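Worksheet: one structure, shown below.
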Amino acid sequence: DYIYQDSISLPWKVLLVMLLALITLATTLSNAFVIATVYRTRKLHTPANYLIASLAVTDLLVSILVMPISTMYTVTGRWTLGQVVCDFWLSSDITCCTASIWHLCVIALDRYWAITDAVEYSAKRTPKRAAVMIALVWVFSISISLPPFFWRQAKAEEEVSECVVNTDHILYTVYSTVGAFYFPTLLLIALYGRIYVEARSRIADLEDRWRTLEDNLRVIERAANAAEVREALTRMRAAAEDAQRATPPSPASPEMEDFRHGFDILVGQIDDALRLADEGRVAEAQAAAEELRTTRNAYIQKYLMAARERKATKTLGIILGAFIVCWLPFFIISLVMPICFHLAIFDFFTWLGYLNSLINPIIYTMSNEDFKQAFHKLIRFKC
Amino acid sequence: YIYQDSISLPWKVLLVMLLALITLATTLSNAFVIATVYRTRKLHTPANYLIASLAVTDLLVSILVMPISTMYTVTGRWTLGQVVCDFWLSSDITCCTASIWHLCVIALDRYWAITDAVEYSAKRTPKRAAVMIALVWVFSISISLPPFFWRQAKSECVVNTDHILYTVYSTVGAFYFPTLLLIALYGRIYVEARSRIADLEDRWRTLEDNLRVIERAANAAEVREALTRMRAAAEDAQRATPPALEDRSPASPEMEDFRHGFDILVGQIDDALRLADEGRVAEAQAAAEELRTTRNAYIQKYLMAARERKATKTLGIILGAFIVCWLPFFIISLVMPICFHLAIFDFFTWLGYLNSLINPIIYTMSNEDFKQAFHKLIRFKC
Ligand SMILES: CSc1ccc2c(c1)[C@@H](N1CCN(C)CC1)Cc1ccccc1S2
Ligand SMILES: CSc1ccc2c(c1)[C@@H](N1CCN(C)CC1)Cc1ccccc1S2
């Protein structure tokens, strides 16, 4: 029994409490940054952003209930706080960190329902629905941490020298590891590959509907009779109609209302250029095609931003990517620990795992343009 | 565009040849085991009954799954229709699931055989082994049952991706959960074995040093002090039961020989203590020379514990191979939806099936009962 913390000198001990309390703080500020931004901004009050808020709540509770106590226990190498504190430290640590994974999946589940059931769930999605999901996330995270302590009743010790999870029951060693990490993690990897292709699909959908509207504008311009024109317009009508069915979705930006109003305008123009041929004016419908092209240049160069909506999916992929690299090495290494300086690196991937609670809100700021401007506004880098 | 069409007929033939070889080798290997168990009277145990039902499982892969797979892989098309695609996946999922869970039920028996060695030796019957077999199959079934329960409501054969819920639940409950169970049950028993060898490897160091002492000892106080600690070492060696024999029957003939061997050696310590009371010391040093000869014969024979830890390691090679077989399938399966690629996905499916071959061949290579059973069959020995 040799604690390696003793070999590490006082200069580095200080640097490490400094560094870890920095991380602890950086996490306390970043997640507080998000929760305030959501609550204060009326624009952002959505069942979508509540999940994002309750995620930062969770990651904030790591920087509060877990991370500073870890800061002590990691640097020192001994647990001075006793048994009942060792209890709630692990309980909160598993529960918070569990809830942060399950808030991610409840987020991606809402994003799954926002697309596939876009028609259905837009009515179903209330704050109550977002709230009940949040409640079950915490409640599950609790009942993951609840089993170790029900069993602890047989032995009682006056003094405590160390605080790590119970390895007595293998049953709840696996159950926790999987139920808390593996299961909802693999869930998110599945919900990403799901929605990544969904985005890839609906963009090919509308890009093909654009090639319809693009080529048929060339047809109307080049068509020498009234029949080839209406033929183009009828294929443009059914294309704009089909394109309308598929919509990108969370705060729906003013620009996006403008591309949907850009379609109702465009369909308004297809209805007029048909009335123009009914009036018998063909070379006018070829001037109405010069018109549609200007509406195209107005709204569709702006629609070259549905291409951004697909990239807004990739950012959740980067969360998933970061999330994994953070926690997985812990869960890789934790199972090999009994067989396998080594205890130093186990302590490391716990912090690397806690580092997710920092990394989750900073991504939203970098990725999401709502928060980035909220961010630029606070420090005043952008007027 | 299906790439099976680009692959030429000569290689098509080599691949049905290779896969049907694997299909056969698996049909042969697992039948080899099941026959050996039933036929050998020595081997009839609830322990090997589990080992048999594992080979049963792996045999059903070489039957229900592998020859049908052999076709669908080489051609690239499923000609057999809907109701066949149903039972092919059902059997494939159920068998391959049962093979992971027969492994864990094996390691669960090995866990209860060691840690609860006192308790479970009475609890372990064939009935106890059998009910476990049943729940293994039953679980494996109810993993394959949901796709079909749900399709009732509403050219190629692959698993249902409609419910992401049961895409995951199946992937985890059938593979990830019990695999991680086995990795945990191995790290459990690997250290458990390391512990019981270290206990008695330390007891060896006690009785060795105290023999140096008594050989270098000049007094009755120093000798009797040595003898008391040698007695209590044998008594404290008796609280700890040995791992090779805990997996055996607790009352085995080999076990009584090491416990009676302790009673002999302690009986020898009782005379050399009584010898010091009479005032005879250098006679106890003729008695100490006597102790060394007896101890070496008994300890070199019990030095088969170097073997018990290694008999655990053979499950470690199974766990190791098993994972290397199936994991790449489960690595790739999650990356497939996003990410020529379908060629290698088909490959780790066969590499996964290759486990059904690799499981019984290990028992032969590892277990010395089968190795001799094998040499006898083919007439390897003159
Ligand atoms: C096999 S040991 C094990 C099993 C389950 C869980 C953990 C560790 C948990 N640790 C983290 C480190 N902390 C010092 C103790 C609790 C890791 C985690 C992370 C995120 C969500 C849920 C969980 S549950
Ligand atoms: C995400 S796709 C998926 C999900 C669950 C399972 C499989 C595949 C299973 N495959 C293998 C290939 N075979 C053609 C069909 C069944 C693989 C396997 C292997 C061992 C034990 C249980 C299982 S259950």
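By convention in this document, the chains of the structure tokens carry letters A, B, ... by their order, each chain's residues are numbered from 1, and ligands are numbered from 1 in the order they are shown.
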**OP:** Tell me which protein, DNA and RNA residues are within 10 Å of range 304-321 of chain B, counting only C-alpha atoms, leaving out same-chain ones fewer than 2 positions away, and put them as an MDAnalysis selection string.
**Re:** chainID B and resid 100 103:104 106:107 110 179 182:183 186:187 189:197 200:201 242:245 247 299:302 323:327 352 354:355 358:360 362:363 365:367
**OP:** With a distance cut-off of 10 Å and only C-alpha atoms, select the neighbouring residues of residue 171 in chain B, excluding the residue or stretch itself and same-chain residues fewer than 6 positions from it, and output the selection as a list in words.
**Re:**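 Everything that qualifies: residues 183 and 186 of chain A; 97, 143, 177, 330, 333 and 334 of chain B.
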**OP:** Find the residues of chain B in contact range of chain A, meaning any atom within 9 Å when counting only C-alpha atoms, and list them as an NGL selection string.
**Re:** :B and (164-165 or 167-169 or 172 or 176-178 or 180-181 or 183-185 or 187-188 or 190-191 or 334-339)
**OP:** Rank nothing, just name the residue among B:256, B:235, B:24, B:295 nearest to residue 67 in chain B, using only C-alpha atoms.
**Re:**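 Smallest distance to residue 67 in chain B is found for B:24.
Nearest-residue note for residue 223 in chain A: choosing from A:283, A:359, A:97, A:238, the minimum distance belongs to A:283, counting only C-alpha atoms.
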Subject >> Distance query residue 361 in chain B at most 10 Å, only C-alpha atoms, self and fewer than 4 positions along chain excluded, as an MDAnalysis selection string >> reply: chainID B and resid 25:26 29:30 32:33 355:357 365:367 370:371
Save out the residues we just selected, N, CA, C and O atoms, as a CSV table (one decimal), in the first residue's frame.
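result-v3.csv, written as the output of this step:
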chain,number,residue,atom,x,y,z
B,25,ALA,N,-16.1,-27.9,-39.9
B,25,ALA,CA,-15.2,-27.9,-38.8
B,25,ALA,C,-15.9,-27.5,-37.5
B,25,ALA,O,-15.6,-28.1,-36.4
B,26,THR,N,-16.9,-26.6,-37.5
B,26,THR,CA,-17.7,-26.3,-36.4
B,26,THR,C,-18.7,-27.4,-36.0
B,26,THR,O,-19.0,-27.6,-34.9
B,29,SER,N,-16.2,-30.2,-34.6
B,29,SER,CA,-15.6,-29.8,-33.3
B,29,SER,C,-16.5,-29.9,-32.1
B,29,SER,O,-16.2,-30.4,-31.1
B,30,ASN,N,-17.7,-29.2,-32.3
B,30,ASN,CA,-18.7,-29.2,-31.2
B,30,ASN,C,-19.3,-30.6,-31.0
B,30,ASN,O,-19.7,-30.9,-29.8
B,32,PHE,N,-17.7,-33.3,-31.4
B,32,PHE,CA,-16.5,-34.0,-30.8
B,32,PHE,C,-16.7,-33.9,-29.3
B,32,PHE,O,-16.4,-34.8,-28.5
B,33,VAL,N,-17.0,-32.6,-28.8
B,33,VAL,CA,-17.1,-32.3,-27.4
B,33,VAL,C,-18.3,-33.0,-26.8
B,33,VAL,O,-18.2,-33.7,-25.7
B,355,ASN,N,-16.0,-18.0,-34.1
B,355,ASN,CA,-15.9,-18.3,-32.6
B,355,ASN,C,-16.5,-19.7,-32.3
B,355,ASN,O,-15.9,-20.4,-31.5
B,356,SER,N,-17.6,-20.0,-33.0
B,356,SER,CA,-18.2,-21.3,-32.8
B,356,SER,C,-17.3,-22.5,-33.1
B,356,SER,O,-17.4,-23.6,-32.6
B,357,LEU,N,-16.3,-22.2,-34.0
B,357,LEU,CA,-15.2,-23.1,-34.3
B,357,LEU,C,-14.2,-23.1,-33.2
B,357,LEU,O,-13.7,-24.1,-32.7
B,365,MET,N,-7.4,-28.1,-27.0
B,365,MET,CA,-6.0,-27.6,-26.8
B,365,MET,C,-5.7,-27.4,-25.3
B,365,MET,O,-4.7,-27.8,-24.8
B,366,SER,N,-6.7,-26.9,-24.6
B,366,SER,CA,-6.6,-26.5,-23.2
B,366,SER,C,-6.7,-27.8,-22.3
B,366,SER,O,-5.8,-28.2,-21.5
B,367,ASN,N,-7.9,-28.4,-22.4
B,367,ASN,CA,-8.2,-29.5,-21.5
B,367,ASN,C,-7.5,-30.8,-22.0
B,367,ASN,O,-7.5,-31.1,-23.1
B,370,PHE,N,-9.7,-34.1,-23.4
B,370,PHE,CA,-10.1,-34.1,-24.8
B,370,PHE,C,-8.9,-34.4,-25.7
B,370,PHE,O,-9.1,-35.1,-26.7
B,371,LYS,N,-7.8,-33.8,-25.4
B,371,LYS,CA,-6.5,-34.0,-26.1
B,371,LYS,C,-6.2,-35.5,-26.3
B,371,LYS,O,-5.8,-36.0,-27.3
Subject >> A:233, A:355, A:307, A:133 ranked by distance to ligand 1, top pick (using only C-alpha atoms and all ligand atoms) >> reply: A:355
